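Values in this text are rule-based calculations from the coordinates and carry no lab data. Backbone-built Cβ (ideal geometry, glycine too); neighbour counts: all protein chains shown.
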Amino acid sequence: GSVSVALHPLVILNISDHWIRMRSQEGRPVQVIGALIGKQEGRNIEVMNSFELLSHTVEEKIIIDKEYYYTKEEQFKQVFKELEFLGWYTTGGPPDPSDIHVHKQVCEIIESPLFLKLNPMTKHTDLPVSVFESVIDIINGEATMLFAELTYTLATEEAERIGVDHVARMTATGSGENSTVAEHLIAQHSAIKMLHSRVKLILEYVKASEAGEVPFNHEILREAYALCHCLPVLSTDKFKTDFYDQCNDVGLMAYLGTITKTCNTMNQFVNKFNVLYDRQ
Amino acid sequence: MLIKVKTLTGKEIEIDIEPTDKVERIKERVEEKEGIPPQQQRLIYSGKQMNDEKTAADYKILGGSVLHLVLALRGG
Amino acid sequence: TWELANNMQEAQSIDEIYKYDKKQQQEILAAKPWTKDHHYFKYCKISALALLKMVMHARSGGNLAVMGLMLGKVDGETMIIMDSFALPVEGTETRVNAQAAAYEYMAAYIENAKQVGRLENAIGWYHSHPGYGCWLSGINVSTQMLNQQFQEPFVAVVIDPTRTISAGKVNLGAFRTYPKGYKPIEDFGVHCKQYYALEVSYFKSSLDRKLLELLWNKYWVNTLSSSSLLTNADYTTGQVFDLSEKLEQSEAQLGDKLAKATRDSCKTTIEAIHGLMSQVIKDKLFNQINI
């Protein structure tokens, strides 16, 4: 089915940085246009990096100029050798005909370009980005460029996970008055909700099989029974003793640490008291 | 005669050069004004490093195009 | 409602740091506060995007050594960096020389960024050390000498790709240097008196935070099966030891540091209680079903 798209957690950060930069510079958020670069291996397409392309406006329409891309194409060839043009990204919602018009000269530059959509105004659990492939229609007349939606993967190299965890541990939670609770108790809440959704789907399938909407597949129900019988995990005495020991240890570690915040407030109080009601 | 030099950090230099002056001469003057070492300047003119041997002969310019200076920066 | 605050368009000081106050930058540059005292900026804050770009450049270098620039600004006592930009330099894994290619590359890339809409300037440079820790060598010390003495706002960055890959944590090291004349541990090298170290911090925007949290959301199994405080025991014990040393120093001083000690203790206690809370939540969710 067409080509397999390999998306990396580096293009998205570039788009977000560009969007926030323009939003802060102009005050009123505007549309941003860039590019996508990577590798073509047979029927597989992978995206490595992304650099912005200058775009001009004429009347009300947007035009991608060729000279700036020509000058910038050989510039980054020095650092990245086996890197070639793939497509471009932009910010927006649904595919408007302006997208088709702007994609016309992209198809002129490269026969079959890819398309990336990032929607900062998303209110859904799905990935805000979307990958589209260009299709040329055969019907006579105005041959509109058709966007075929494909599947995007999350292929990553060795250093991606460690970097994202390192940056996401802090997130400057203690400077924006966002409360560390509102981060910790919320980050895993989404995972718990996802597990709830999966269990609900399994229960719905089991109920449908019981009623008779779906055929009696006498293989999935065995796995469902096995999953059912494995719910009370590790109800032994050793686990309970270890858990209680852990709880007591964390309680003591919190006591040593509350006892010093109280002491610091104590010190500040005596420092302020030694100036107001007592001379020197 | 009124050339401008802009560096990547923000320093702006205004220099006066006779059109038939040598490249070593212009480096010597710009080191006099700022304090560049005598042999460690890279000079860039319109996206092209100025060749030391090639003396400046035709400066058909009144402002606009500016030579940016950069220091040798290397590590090991 | 479930997330309460959410975000349509509102932000806070986290998103405010991404801007360019021309008048403020001009007046801090003109005033030159750090030219009067040696013990100026000690806090360096670098954005995520620059970090990943540096890491990918170092990895693409492989066993050899790479080298590139960085972009940002300075704000009061702190330094801000938010862009990485690689260079096409080659050489043996023990020495790299910037030929004319890099000289024609940095200016061209700066002009291209200015055409794009970028407004920041060069702030420093990053060099990858393949294996031999993170410390400035003699030639690095001389280069930093000349750079910080000619181009006063500057900072060097040294990372270790091999050790970062093997261990699992990054080896980011941000260094400024004491100028010549001011004279007033074998890991740091032999020029430990000439150069010193700085703390590192990171930031990300509201949009970046939302995107990172939503991307990391596809990690639920590890999220609810990690069982932290059992993997970072050594880190917490080291933190408590440093807490004890800081408390002793503060007590000696009383005979301020007490505020710093209180903040560190609060951070460690918050981490411990967060681990306990996650463990309790897991126990409630899994071990209290079907009797």
Next item on the list: Run C:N140 past the list (1) within 11 Å of chain B (Cβ to nearest Cβ); (2) not in a helix (DSSP H, G or I) and report the number of the one that doesn't hold.
Entry: (2)
Checklist line | Search result, residues across the stretch C:192-222 that are charged (D, E, K, R) and either out of contact with any strand residue (DSSP E or B) (no Cβ under 8 Å at 6 or more places or on another chain) or over 30 Å from C:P179 (Cβ atoms) (or both) | finding: C:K193, C:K204, C:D208, C:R209, C:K210, C:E213, C:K218
Notebook entry, point to check: Say we look at the stretch C:110-163 and pick out the residues that are small (G, A, S) and surrounded by 19 or more Cβ atoms within 10 Å (Cβ to Cβ); which of these is nearest to the chain's Cα centre (by Cα)?
Noted result: C:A156
Next item on the list: Report the residue count in the stretch A:54-75 for those that are facing chain C (nearest Cβ under 9 Å) and in a loop (DSSP other than H, G, I, E, B).
Entry: 1
Note to self: Quick check on the stretch C:54-74: of everything there that is among the small types (G, A, S) and within 12 Å of chain A (Cβ to nearest Cβ), which residue is surrounded by the fewest Cβ atoms within 10 Å (Cβ to Cβ)?
What the structure shows: C:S60
Notebook entry, point to check: In the stretch B:1-53, how many residues are under 17 Å from C:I110 (Cβ atoms), of a type outside the set (A, V, I, L, M, F, W, C) and within 14 Å of chain C (Cβ to nearest Cβ)?
Noted result: 12
Item checked: Residue list for the stretch A:79-103, restricted to those being surrounded by 15 or more Cβ atoms within 10 Å (Cβ to Cβ) and not aliphatic (A, V, I, L, M) -> A:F80, A:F85, A:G87, A:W88, A:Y89, A:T90, A:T91, A:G92, A:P95, A:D99, A:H103
Margin query: What's the number of the only condition in (1) among the β-branched types (V, I, T); (2) within 11 Å of chain A (Cβ to nearest Cβ); (3) buried (at least 21 other Cβ atoms within 10 Å of the Cβ) that C:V96 fails to meet?
Written below: (2)
Next item on the list: Note down all Cβ pairs under 6 Å where the first residue falls in the stretch A:28-45 and is over 19 Å from A:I15 (Cα atoms), the second is in a strand (DSSP E or B), and they're at least six residues apart or on different chains.
Entry: A:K39/A:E46; A:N44/A:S4; A:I45/A:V5
Checklist line | Selected residue [touching a strand residue (DSSP E or B) at 6+ places or on another chain (Cβ under 9 Å) and over 27 Å from C:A65 (Cα atoms)] from A:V47, A:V3 | finding: A:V3
Checklist line | Leading residue by the ranking (farthest from C:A65 (Cα to Cα)) among those in the stretch C:164-192 that are among the polar types (S, T, N, Q) and surrounded by 19 or more Cβ atoms within 10 Å (Cβ to Cβ) | finding: C:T177
Notebook entry, point to check: Does A:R161 qualify as being of a type in the set (K, R), surrounded by 14 or more Cβ atoms within 10 Å (Cβ to Cβ) and either in a helix (DSSP H, G or I) or more than 7 Å from chain C (Cβ to nearest Cβ) (or both)?
Noted result: yes
Note to self: Can you tell me which condition A:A172 does not meet? The list is (1) part of a loop (DSSP other than H, G, I, E, B); (2) surrounded by fewer than 17 Cβ atoms within 10 Å (Cβ to Cβ), and all the others hold.
What the structure shows: (2)
Check: Would you say A:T90 is at negative phi and out of contact with any strand residue (DSSP E or B) (no Cβ under 9 Å at 6 or more places or on another chain)?
Finding: no
Checklist line | Residues of the stretch B:8-44 classified as of a type outside the set (D, E, K, R) and more than 10 Å from the chain's Cα centre (by Cα), total | finding: 12
Notebook entry, point to check: What is the one condition in (1) more than 8 Å from every other protein chain (Cβ to nearest Cβ); (2) of a type outside the set (D, E, K, R); (3) out of contact with any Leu (no Cβ under 7 Å at 6 or more places or on another chain); (4) part of a helix (DSSP H, G or I) that C:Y109 does not satisfy?
Noted result: (1)
Next item on the list: Take A:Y68 and decide whether it is surrounded by 12 or more Cβ atoms within 10 Å (Cβ to Cβ) and either acidic (D, E) or out of contact with any strand residue (DSSP E or B) (no Cβ under 7 Å at 6 or more places or on another chain) (or both).
Entry: yes
Margin query: I'd like to know if the stretch A:129-148 contains one or more residues that are in contact with a strand residue (DSSP E or B) (Cβ under 8 Å, 6 or more places away or on another chain), more than 8 Å from chain C (Cβ to nearest Cβ), assigned to a loop (DSSP other than H, G, I, E, B) and surrounded by 17 or more Cβ atoms within 10 Å (Cβ to Cβ).
Written below: yes
Margin query: Just to verify a result, which residue in the stretch A:179-188, among those that are among the polar types (S, T, N, Q) and within 8 Å of chain C (Cβ to nearest Cβ), is surrounded by the fewest Cβ atoms within 10 Å (Cβ to Cβ)?
Written below: A:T180
Next item on the list: Scan the stretch A:1-37 for residues that are among the hydroxyl-bearing types (S, T, Y) and more than 9 Å from chain C (Cβ to nearest Cβ) and report the count.
Entry: 2
Checklist line | Candidate set: the stretch A:224-255, residues that are closer than 18 Å to C:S244 by Cβ and within 8 Å of chain C (Cβ to nearest Cβ); chosen: the one surrounded by the fewest Cβ atoms within 10 Å (Cβ to Cβ) | finding: A:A254
Item checked: Residue count for the stretch C:232-265, restricted to those that are of a type in the set (D, E) and either in a loop (DSSP other than H, G, I, E, B) or within 26 Å of C:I14 (Cα to Cα) (or both) -> 2
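Every residue, every condition in (1) within 13 Å of chain A (Cβ to nearest Cβ); (2) farther than 20 Å from A:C263 by Cβ; (3) in contact with a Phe, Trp or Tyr (Cβ under 9 Å, 6 or more places away or on another chain); (4) in a strand (DSSP E or B), yes or no:
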residue	(1), (2), (3), (4)
C:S201	yes, yes, yes, yes
C:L230	yes, yes, no, no
C:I270	yes, no, no, no
C:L276	yes, yes, no, no
C:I289	yes, yes, no, no
Check: For the stretch B:12-65, how many residues are among the basic types (K, R) and outside any loop (DSSP other than H, G, I, E, B)?
Finding: 5
Notebook entry, point to check: So which residues in the stretch C:234-258 are crowded, with 17+ Cβ neighbours inside 10 Å and of a type in the set (K, R)?
Noted result: C:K246
Next item on the list: Report yes if A:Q246 is closer than 30 Å to C:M82 by Cα and assigned to a helix (DSSP H, G or I), otherwise no.
Entry: no
Notebook entry, point to check: Would you pick out the residues in the stretch C:216-235 that are among the hydroxyl-bearing types (S, T, Y) and out of contact with any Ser or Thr (no Cβ under 9 Å at 6 or more places or on another chain)?
Noted result: C:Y219, C:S225, C:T231, C:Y235
Next item on the list: Please state which one of A:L114, A:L154 is within 30 Å of A:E73 (Cα to Cα) and surrounded by 14 or more Cβ atoms within 10 Å (Cβ to Cβ).
Entry: A:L114
Next item on the list: Name, by its number, the condition in (1) more than 12 Å from chain A (Cβ to nearest Cβ); (2) buried (at least 19 other Cβ atoms within 10 Å of the Cβ); (3) over 24 Å from the mean Cα position of the chain (by Cα) that does not hold for C:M79.
Entry: (3)
